[PDB]
Amino acid sequence: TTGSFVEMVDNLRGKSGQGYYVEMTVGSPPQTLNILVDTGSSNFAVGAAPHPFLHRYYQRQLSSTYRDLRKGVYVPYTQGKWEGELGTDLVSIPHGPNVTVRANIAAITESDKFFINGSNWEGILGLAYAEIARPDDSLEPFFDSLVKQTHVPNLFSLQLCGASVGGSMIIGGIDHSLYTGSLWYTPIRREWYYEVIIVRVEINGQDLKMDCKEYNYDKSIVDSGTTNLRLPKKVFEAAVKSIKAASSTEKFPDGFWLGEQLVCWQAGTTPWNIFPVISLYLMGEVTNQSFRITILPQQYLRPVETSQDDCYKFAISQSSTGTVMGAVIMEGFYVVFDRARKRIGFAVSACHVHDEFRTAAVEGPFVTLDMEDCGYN
Ligand SMILES: C[C@@]1(c2cc(NC(=O)c3ccc(C#N)cn3)ccc2F)Cn2cccc2C(N)=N1
């Protein structure tokens, strides 16, 4: 069920704070592009016209295998938007599963506030399900097509390392060398986003003590396309108050807790131990069982490049659309998106940033009753 996937180890790169990307090729002969790994969307969208932030793009007229689907697509986000032309081409991942598949491609011809200056990615690989694909669910996502066309198991796993950044996307398997300890699995509640259920939250062991529906209002998802741990308004406010109280041996400006200002220390003297750990309990696979994943301040204090000082941004923030377990969560763990068994596994990542005295953790089981109640029905 696990093993060695040696070609896919260390295939992810990124700039600190701008996205984890994998190298892919599109077309014949192959055109190389860096593509953002994104579990919170479902389109394979690539830049396909010049743009000041893109130093290369998909040139359909140079690909003998390109097929025009003759239909536009317009995708607005909250901050940013793009428009493109639908088609297909042959697609590979050079440091991947050693197969070439024909996939749908949204060739981006126009955009605003979508490509990031200096991010070094020219497109996005949306790994979620068809239900949120644009323009609709008839456009099969990349991974659906890869599994149908090859013998690749219906599973992928992500190890995002953090502290420039790097990691691994294992297509079709679970690499045993990227984690320690047990893999603990939570159910995928519904196949659209990768939706999970949080049943309990602690700050340094102290229960936040809310109706567990508040943790999942109106949904809880696992999203590699988001930096922060994003929490509903009522949950975020309770969490910040508890983190303040636990770290009260040092006081910081209010703007730090809003993510608007950096706090610094003399290089090497960052006092990790005064900051608390953060635990999310996830619904288990067995009735009345949960497990918990625990991250450190090394995950939610994110480094920002005086060279003699280490400075950081607080990366827990408020969400209007439910909980988003972003890179802040995922960088503590090796996360298994087991689509075949409709579950998401977590294990202590073998590359996660920590100190001599604390590590990230995945522990279980715990008797948690009435866990279906925690879902926003
Ligand atoms: C397609 C979408 C998207 C993601 C991104 N990602 C980054 O810039 C990004 C930046 C840093 C990390 C990390 N460490 C990960 N990602 C950029 C554009 C975009 F359009 C839309 N969107 C809105 C909110 C969340 C999402 C999402 N999951 N994907």
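Residues 56-218, 230-371, 375-446, in that order, are what chain A shows, numbered as in Swiss-Prot.
Going by what the header records, the deposited coordinates were determined by X-ray crystallography, 2.0 Å.
In case you wondered, yes, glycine gets a Cβ from its N, Cα and C as well.
Of the listed residues (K279, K310, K411), Swiss-Prot tags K279 with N6-acetyllysine; the rest carry no such note in the record, though that does not show they lack it. Disulfide annotation in Swiss-Prot: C443 is bonded to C278, selected among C216, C278. Swiss-Prot gives the label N6-acetyllysine to one of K299, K382, namely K299. Of the residues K70, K136, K275, Swiss-Prot records the annotation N6-acetyllysine for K275. Here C420 is paired by Swiss-Prot through a disulfide bond, and of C216, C330 its partner is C216.
In this structure, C330 (disulfide bond) is part of a beta strand by DSSP. Within the group of modified residues (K126, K275, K279, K285, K307), the Cβ with the highest number of other Cβ atoms inside 10 Å belongs to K285. Across the break of 11 residues that separates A218 from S230, the C-alpha atoms are 7 angstrom from each other.
Across the 3-residue gap left unmodelled in the deposited entry, the distance from the Cα of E371 to the Cα of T375 comes to 9 Å. Proximity of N172 (N-linked glycosylation site) to non-local residues of its own chain (separation of 6 or more, Cβ distance below 8 Å) is seen for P107, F108, given in sequence order. In three-state terms derived from DSSP, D93 (active site) belongs to an extended strand segment.
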